[PDB]
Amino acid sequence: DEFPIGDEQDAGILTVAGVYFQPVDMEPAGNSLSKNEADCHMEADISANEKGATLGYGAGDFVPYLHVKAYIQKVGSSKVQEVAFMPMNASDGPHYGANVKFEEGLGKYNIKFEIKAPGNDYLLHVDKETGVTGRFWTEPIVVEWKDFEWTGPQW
């Protein structure tokens, strides 16, 4: 069903897995390509690790209200494709994802996920009685997988 982009990675309070599988139909359609126009669905599985308790997250919890963008670059190429992910549910639960088309065809790509904190959408209790001790990250978190091979559908 699901194919890893690479090994799972910890970054700050986040645990970030990247997977891909067949392109999907989404309701509403969102920002990404239609199923027939796409090569795959790409998905960032983002959850809190143990350090997330500093912001009030339980370990393993989905972290919502993030802003996630993927950068897809053919190795040796002068151009990078930028793809906004949206939050969504599949049968396997919440994630950030998008239908994606590899613009340079089958080959070796570098894949980066850029993960921005919630900002003014999501609040934090900061008082001592009920509050958390941590604060959201200010610089976007970057997870990168080198030498991902896109070899067409595996489904």
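Residue numbers here begin at 1 and follow the sequence given.
- Just going by the entry, 85-93 versus 50-58 on mean CA temperature factor gives the higher value to 50-58.
- Comparing 63-71 with 25-33, the higher mean C-alpha B-factor in the PDB entry belongs to 25-33.
- The PDB entry gives the largest Cα B-factor of the residues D39, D121, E114, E43 to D121.
- Ranked within its chain, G152 lands in the lowest third, by CA B factor from the PDB record.
- Sort the chain's modelled residues by C-alpha temperature factor and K128 lands in the highest third, per the entry.
- Sorting the modelled residues of the chain by their CA temperature factor places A11 in the highest third.
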